[PDB]
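> Here is the sequence, then the experimental structure:
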Amino acid sequence: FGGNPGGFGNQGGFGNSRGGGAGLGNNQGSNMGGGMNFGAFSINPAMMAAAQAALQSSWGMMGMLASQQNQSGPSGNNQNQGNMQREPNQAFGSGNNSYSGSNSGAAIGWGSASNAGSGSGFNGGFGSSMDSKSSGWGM
Amino acid sequence: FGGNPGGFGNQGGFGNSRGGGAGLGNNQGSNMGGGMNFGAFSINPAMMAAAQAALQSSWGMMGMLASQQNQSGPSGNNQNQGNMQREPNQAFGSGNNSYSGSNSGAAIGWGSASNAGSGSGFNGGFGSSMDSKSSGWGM
Amino acid sequence: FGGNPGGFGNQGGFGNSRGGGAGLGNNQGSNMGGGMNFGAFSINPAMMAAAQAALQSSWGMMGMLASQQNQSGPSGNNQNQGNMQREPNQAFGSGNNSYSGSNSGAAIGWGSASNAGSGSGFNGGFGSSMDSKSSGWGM
Amino acid sequence: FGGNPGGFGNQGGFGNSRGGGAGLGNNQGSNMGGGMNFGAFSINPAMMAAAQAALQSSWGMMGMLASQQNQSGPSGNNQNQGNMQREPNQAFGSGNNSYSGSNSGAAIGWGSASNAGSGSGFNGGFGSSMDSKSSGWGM
Amino acid sequence: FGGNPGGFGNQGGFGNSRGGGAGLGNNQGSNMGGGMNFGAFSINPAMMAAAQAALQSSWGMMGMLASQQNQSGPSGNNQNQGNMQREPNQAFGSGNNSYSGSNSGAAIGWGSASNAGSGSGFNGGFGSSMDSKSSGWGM
């Protein structure tokens, strides 16, 4: 009860980005300021893949092909024009004006995580916690 | 109950980015300021891959192909024009005006994590924590 | 119950970026200021890969192909035109106006992490923590 | 229950960036100021790889191919035109106007980490912490 | 239960960047100011690699191919036009106007780390901490 996954045959091209002819015959790329300018993209990762346990794997692409996952923090105004306090005492948290913003990215793939906490608490912990045990052929 | 994953045959090209003809025949690249300018991209990572335990692997691309995951901090105004305090005492946290911003990137892939905390707390911990145990052929 | 993953045959080209013809026949690259200017890119990492335990591996590309993950800190104004305090005492945290910004990059790949804390707390810890145990053929 | 991963055959070219013909026949590269100007890129790292435990490895590229992960600190204005204090006492943290910015890069690959703290706290620790134990054929 | 990963055959070229013909036939490189100007790049690190435990290794490229990971510190203005203090006492931290910026690079590869702290705290520690134990054939 084992396996033998294989037996593949191709006869034509394979991932051959043959850019021919007059196409692409004149590139005029200009950049200014920050940012980037490009000319063209031909991405053809053809592949021939075999395995006997494709476990939690990815065989094409994973993350982000054309995506604007851009992040911006607070833009408003925090005005604090007076807080008459006479005498606090042992005040662990008091009188705290907090204008806070928090952003996290897309959690893509196995066992990912995006945690975003904002405000005036969150004591007693934060963040991810992962215990991974991966064994090929093993316990 | 083992395995023998293989037996692959190709006859044509393989990942051969043969850029021929008049195409690409005139590149005019200009840059100014920061940032980058490029001419063209032909990326054809064709491949022939075999394994017997493709466990938590990636065989094509993973992260980011064309992506604007750019991050900007606070842009607003924090005005603090007075806080009449007479006498605090043992004030661990008091009177704290905090204009805070926090951003994190995309967590892509296995067991990644993006934690973003912002504000006036978060004592008693922060951040990720990972215990990985990977064993090929082993326990 | 072992293995023998192999048996690959190719007959054509293999990752041969044969840039021929009139294409690319005239490059005019100009740069100014900071930043970079390039001419063209032909990246064809074709490969022939075999293994018996592809565990948490990557066999193509991983990180960032064309990406603007650029980061900017605070841009707003922090105005503090008065805080009448008569007598604090043992004030561990008090009267703190804090305009803070924090950014982190994309956490790509296995067991990565991007932590971003900003504000007026975060005592008692920060940052990642990883205990890795990898054993080939071993416990 | 061992292994023998191999048996690869190629007949054509292999990673041979044969740039022929009139293409590339006239390069005019100019630079000014800082920054860089280049002419063209033909990167074809074709390879023939075998192993018996590809554990947490990378066999193509890893980090950053074309990426603007550039970082900028604070750009706003911190105005502090008065803080009438009569008598603090044992004030560990008080009266602190702090305009702070913090950026971190992309954490790419296994067990990486990007920590970015900014503000008015973070006592009692910071930064990463890693305990790695890797054993080939061993415990 | 050992191994014998091998058996590779090539017949054509191998990483031979044969730049022939009229292409590249006229280079005109000019530089001014700082920075660099180049002519062209043909990078074809073809390779034939075998192993029996490719553990936490990299076999192609790792770090940065074309990347603007450039860093800039603060650019804003820190104005401090008065702080009427009569008598502080034992003031470990007080009256501190701090305009601070901190940047870190991309943490690429195994067990890397980029820590960036900025502000008015961070006592009681900072920075990375790593305990590595690598043993070939050993405990």
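Cool, the structure landed. Residues are numbered from 1 along each chain as shown, chains lettered A, B, ... in the order given.

> Please count neighbours and contacts with C-alpha atoms only from this point.
OK.

> Distance of the residue in chain A that chain D sits nearest to relative to residue C:16?
Residue nearest to chain D within chain A (Cα to the nearest Cα): residue A:35, separated by 7.3 Å. Look at residue A:35 and residue C:16: by Cα to Cα, to the nearest Å, they are 31 Å apart.

> what do you get for residue A:55?
32 Å.

> and the two? which has more neighbours close in?
Taking neighbours as other Cα atoms under 10 Å in any protein chain shown, residue A:55 and residue C:16 compare with residue C:16 leading, 38 against 13.

> Settle this for me: that one is touching residue D:42, isn't it.
No - taking Cα atoms under 8 Å as the definition, residue C:16 is not a contact partner of residue D:42, at 9.8 Å.

> still on that earlier bit, what sits against the residue of chain A closest to chain D?
B:34-36, C:68, D:68 (Cα atoms under 8 Å, 6 or more residues apart in numbering or on different chains).

> biggest separation within these, which pair?
Using Cα to Cα, the two most remote members of these are B:34 and C:68, lying 12.4 Å apart.

> which stretches of chain A form helices?
With DSSP state H as the definition, chain A shows no helices.

> how about the strands in it?
For chain A, applying DSSP state E gives strands covering A:8-9, A:27-30, A:36-37, A:41-43, A:47-50, A:54-55, A:66-67, A:71-72, A:78-80, A:98-103, A:107-108, A:114-119, A:130-136.

> list the helices and strands the last one packs on?
Right, the one you point to is strand A:130-136. strand B:130-136 (3 or more Cα pairs under 8 Å, 6 or more residues apart in numbering or on different chains; DSSP states H and E).

> The strand it packs on relative to strand D:130-136, how many degrees between them?
Per axes from the mean of the first three to the mean of the last three Cα atoms, to 10 degrees, the angle that strand B:130-136 makes with strand D:130-136 is 0 degrees.

> Strand B:130-136 pairs with which strands?
strand A:130-136 (parallel), strand C:130-136 (parallel) (DSSP bridges).

> Tabulate these (a markdown table), appending mean neighbour count.
Output for the strands paired with strand B:130-136, formatted as a markdown table (neighbours: other Cα atoms under 10 Å in any protein chain shown):
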| stretch | mean neighbour count |
| --- | --- |
| strand A:130-136 | 18 |
| strand C:130-136 | 24 |
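
> Any figure for the gap between the spatially most central residue of chain A and residue C:111?
With distances taken as Cα atoms, centre = their mean, residue A:106 lies nearest the centre of chain A, 5.2 Å away. Distance of residue A:106 to residue C:111, given as Cα to Cα: 16 Å.

> quick one, which residue of chain A lies the farthest from its center?
residue A:86 (48.8 Å).

> Might you report the residue contacts of that residue?
Applying Cα under 8 Å, 6+ apart, the residues near residue A:86 are B:84-88.

> most neighbours, which of those?
Going by other Cα under 10 Å, residue B:88 tops the contacts of residue A:86 with 25 neighbours.

> Pretty sure that residue sits against residue C:89.
Yes - counting by Cα under 8 Å, residue B:88 touches residue C:89, with 6.1 Å between them.

> Residue A:45 versus the spatially closest residue to residue A:61 that is not a sequence neighbour, what's the distance?
Once flanking residues are discounted, residue A:61 sits nearest to residue B:61: 4.7 Å by Cα to Cα, 6 or more residues apart in numbering or on different chains. Per Cα to Cα, residue B:61 is found 9 Å from residue A:45.

> Which one's more surrounded, those two?
residue B:61 (27 against 23).

> so how far is residue C:19 from that one?
24 Å.

> One more: residue A:98?
Using Cα to Cα, one gets 59 Å for the distance from residue A:98 to residue C:19.

> If the nearest residue to residue A:134 once chain neighbours are set aside is in a bridge, with which residues?
Leaving aside its sequence neighbours, residue A:134 sits nearest to residue B:134 (Cα to Cα, 6+ apart; 4.8 Å). Judged by DSSP bridges, the bridge partners of residue B:134 are residue A:134, residue C:134.

> residues contacting residue B:134?
Residues near residue B:134 by Cα under 8 Å, 6+ apart: A:132-135, C:133-135.

> let's see 10 Å
A:132-136, A:138, C:55-56, C:132-136, C:138-139, D:55-56, D:134 (Cα atoms under 10 Å, 6 or more residues apart in numbering or on different chains).

> and it, how far is that from residue E:1?
Distance, residue B:134 to residue E:1, by Cα to Cα: 20 Å.

> same question, residue A:99
From residue A:99 to residue E:1 the distance is 62 Å (Cα to Cα).

> do residue A:93 as well
To residue E:1, residue A:93 is 63 Å away according to Cα to Cα.
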